[PDB]
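Presented below, as structure tokens, is a lone chain in the form deposited without this ligand.
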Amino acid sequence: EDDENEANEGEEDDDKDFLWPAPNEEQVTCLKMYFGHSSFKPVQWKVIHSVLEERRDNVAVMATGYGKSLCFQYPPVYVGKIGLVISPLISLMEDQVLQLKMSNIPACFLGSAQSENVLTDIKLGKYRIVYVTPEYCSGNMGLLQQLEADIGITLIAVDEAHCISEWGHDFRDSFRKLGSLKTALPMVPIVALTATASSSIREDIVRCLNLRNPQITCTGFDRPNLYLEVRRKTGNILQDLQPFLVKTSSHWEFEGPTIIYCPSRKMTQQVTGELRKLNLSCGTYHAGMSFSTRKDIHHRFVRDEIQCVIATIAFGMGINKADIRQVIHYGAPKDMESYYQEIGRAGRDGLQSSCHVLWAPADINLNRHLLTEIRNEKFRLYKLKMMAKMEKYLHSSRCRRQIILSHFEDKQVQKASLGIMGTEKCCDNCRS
């Protein structure tokens, strides 16, 4: 019988079309053969590609185990070398080793009692994936150095990585000496995994594991407190933003802390100018500004001395602010990936927030003419596909939450979202 009906008339859209660079044919064959999947989710590819091609440290926040294991199991299987998984979760490690064996991936649990059986075979390069406790790993840095020299370690995964922080709710003394991994193995990337989206605990993990410029990702969350809306521009900045404003004592303000993302530096200045006329507490943020001025706006926003930052998408990576009540995209966003990163900064305190896109078909990020100028065929086609996916989202009458979760998240996240989805607080299209 037919197992899916994903194909639609008027589209040749695979999940691979929205990955940069594209997975090659052997990478797809490997994924199918050893993991029984046809495609990578964007976050899975971000982690896998950063490990394989850049040897980059990662902190991967993953709310659940749905789609998690692929990020650290796939790279060593693809290159045919060795990946180490450090975890205190014995039963889960046993379950994953058996699943790998049943997929014809040579994997084992290494510990003191298991060493007589597996250690010689690990040293000779017969295992793709080795699971160890932090206690065992801490007394065997010599072994890891030999495996790096003789085989080459694709990555070290540290699961329950929040256990390294004495400031968290689940501290393990066993994790303390994992700080030595980067000293013993400076060229081996670490993928630190945790379920906690706490910026405080992320900083502790990066410090304690000595991670260098780690790629930070955060997935598996439904974010029921984010309301999504897409609305047409009206041809006038004050006309467009007036609906978001309330008059208080001869000055106007937003409901709460607000970020307005604009495509151009020019537009950030234009929008700031119109809000300044209303004596609204706001500041401009773009790369054309000085280091001190940018640093000042950051601190002032964090201290609630300004209510609104009008910014390019240069603003956001350095802000851990939990009470962002409103994100406005003033102009179509660059693509769905950037849009996802930007709306994800809203309502991290878990209270009701709104994310509005104000767009016109004439917006710079819907202009195909700028993309036709791209002479690299592969990059041109990717940029056109990303613009088309963004345009399809903006134009849609379907649930905005369903579109975003379908693209970025494991299907399990959609099952958790069925409560918020279709209600008055989900999105503009669910309210109608």
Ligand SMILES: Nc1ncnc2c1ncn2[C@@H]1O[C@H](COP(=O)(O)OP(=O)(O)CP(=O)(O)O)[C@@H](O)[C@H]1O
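So that there is no doubt, residue numbering starts at 1 and follows the sequence shown.
Unshown form deposited with this ligand bound; subsequent notes refer to it.
Please classify the binding site as open or blocked after superposing this ligand from its position in the entry with it bound; blocked means at least 3 ligand atoms come within 2.4 Å of backbone or C-beta atoms of this form. In the entry with it bound, this ligand occupies a site that, on this form, turns out blocked once the ligand is superposed onto it.
Under a 4.5 angstroms heavy atom criterion, identify the one residue in 383, 37, 398, 49 near this ligand in the entry with it bound. Spelling it out, the residue with a heavy atom inside the cut-off is 37.
Only one of these stretches, 325-333, 118-126, 245-253, 342-350, has heavy atoms within 4.5 Å of this ligand in the entry with it bound; which one is it? Of the stretches listed, the one contacting the partner is 342-350.
Taking 4.5 angstroms as the cut-off for heavy atoms, does residue 96 touch this ligand in the entry with it bound? Residue 96: yes, in contact with this ligand in the entry with it bound.
This ligand contact in the entry with it bound: residue 392, any heavy atom under 4.5 Å: Looking in the entry with it bound, residue contacts with this ligand do not include residue 392, since no heavy atom lies within 4.5 Å.
For residue 374, is any heavy atom within 4.5 Å of this ligand in the entry with it bound, or not? Although this ligand is absent here, residue 374 would stay clear of it in the entry with it bound, with no heavy atoms inside 4.5 Å.
Contact between residue 70 and this ligand in the entry with it bound at 4.5 Å, heavy atoms? Flag for residue 70 set to yes.
Decide yes or no: are 108, 136 and 177 jointly within 4.5 Å of this ligand in the entry with it bound, with each residue judged by its heavy atoms? Negative, none of the three is within 4.5 Å.
Residues in 72-93 close to this ligand in the entry with it bound, defined by a heavy atom within 4.5 Å, in order: The stretch 72-93, when checked against this ligand in the entry with it bound, contributes only 92 at the 4.5 Å heavy-atom cut-off.
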